[PDB]
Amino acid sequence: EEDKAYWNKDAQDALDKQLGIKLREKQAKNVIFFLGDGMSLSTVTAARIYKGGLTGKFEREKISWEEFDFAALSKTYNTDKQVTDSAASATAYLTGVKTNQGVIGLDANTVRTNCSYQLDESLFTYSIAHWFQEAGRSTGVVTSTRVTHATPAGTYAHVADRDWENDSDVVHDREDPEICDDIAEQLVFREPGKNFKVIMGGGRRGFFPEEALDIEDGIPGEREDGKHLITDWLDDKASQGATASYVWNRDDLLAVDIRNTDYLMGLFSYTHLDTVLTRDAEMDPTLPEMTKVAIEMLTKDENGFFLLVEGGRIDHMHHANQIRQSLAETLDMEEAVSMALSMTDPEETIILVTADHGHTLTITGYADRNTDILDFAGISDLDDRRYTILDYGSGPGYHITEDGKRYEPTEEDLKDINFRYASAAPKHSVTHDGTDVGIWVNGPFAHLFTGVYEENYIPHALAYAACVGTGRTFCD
């Protein structure tokens, strides 16, 4: 059992592992950046125990990226808010500069929602993908969200409001769609987006007009400027003499001819991809399946590549206080990191996992070891009503019953994938959490991540190791 000799051997071994660490002081060829949107340290702990429940190891289970020797903390406050949104944080960890709430790829001079600031080049921050391209290397993005959402957008767009995913969004804010480029336009017509070898995720809707109908669903598009950006993208690649493929389901993705495909656009939903627990496994590729194909394509570039993979709906599930779903999203991303580890060489590939910000998830006491993380924890000594292990500081989970008592979750509630666990402060969408988030790194220069950093440090460190961009460099 877990007795004295057991823990002592457990510690001495972790000690041996730690004394056996070999530093990797060699250039990074490849960088694969995983981003769990909203993935607080409490999400990671709870997901570890959730995973353990599936495997039978329970609290002793390990999350794949926790096998890395280097972890660090990341401070996420931005230029105007203590609790950052997904846009300003992406600008920090992908372009190296902190910024204002709702702004992508522009500095804190920006006034949110005012398109004029996205016309001023001096205010532009440039992404690590931009740097990889400037260096003659390939770039790609994979996400479970719309490919125009804040996180992926951070690798290529410069907009004064992250809501401006397509031209209908710009118009909704009374800005001029003729001069205010939306994110979907930027991905297809401007750098670095137009040079991405791989683009996968959701958001077909932002790429074709109201007059046209969606592949698969036949839902009218959102564009109001008549542009058919997917065909524009396909034509552009063809006119360059390259082979390009556009796919929208799992079988077609898996059937892609990797050796002969130069460019791959895979858009698997009109909107964000379906969540792990609701998706049709036949029609939707999983995060690890996208990750795999992406790596397969990008690794043809012998000079190296940068790929962003986002576990994006972790955040959306937490916003609704839908903790069961949030944990399943998280593990989809944990399995993708394992996919990436198994396919690449650590003497040449940095795998970095982080979060853009947290969520107000907490893990309360005092359930026994091996208890399902999503179960009840006990009964309250104040109102004699049950409470769950997991709960939140903010969100719609807060519930005063008709007779003015605290809602008591039931056993049916716990199993319901749409059940909202309790919060302390009611809100229609839970707020993000301002606590520092984790960073975990493996590969070349993984030891540049030991302490506590400003979130914007990340890419500057990554550029040093990869030898890209205009800052201090390993090759320098």
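For every residue, the number given is its place in the sequence shown, counted from 1.
I need to verify one thing: averaged over C-alpha atoms only, is the B-factor higher for 342 to 350 or for 80 to 88? Mean B over CA atoms: larger for 342 to 350.
Higher-B stretch (mean Cα B-factor, as the entry records it), 93 to 101 or 216 to 224:
The recorded data point to 216 to 224.
Choose from 316, 324, 300, 149 the residue with the greatest Cα B-factor as stated in the PDB record. That would be 300, according to the entry.
Could you place residue 59 in the lowest, middle or highest third of its chain by Cα temperature factor, using the values in the record?
Within its chain, residue 59 is a middle-third residue by C-alpha B-factor, going by the deposited values.
- [ ] Among all modelled residues of this chain, ranked by Cα B factor, put residue 41 in the bottom, middle or top third, i.e. lowest, middle or highest.
- [x] For residue 41, the deposited C-alpha B-factor lands in the lowest third.
Item to check | Assigned third (lowest, middle, highest) for the C-alpha B factor of residue 407 | outcome: Highest third, going by the recorded CA B-factors of the chain.
Against its chain's modelled residues, does residue 379's Cα B factor rank lowest, middle or highest third?
Top third by C-alpha B-factor.
Compare the C-alpha B factor of residue 75 with those of the other modelled residues in its chain, then answer lowest, middle or highest third. For residue 75, whose C-alpha B-factor we compare with every modelled residue in the chain, the answer is the lowest third.
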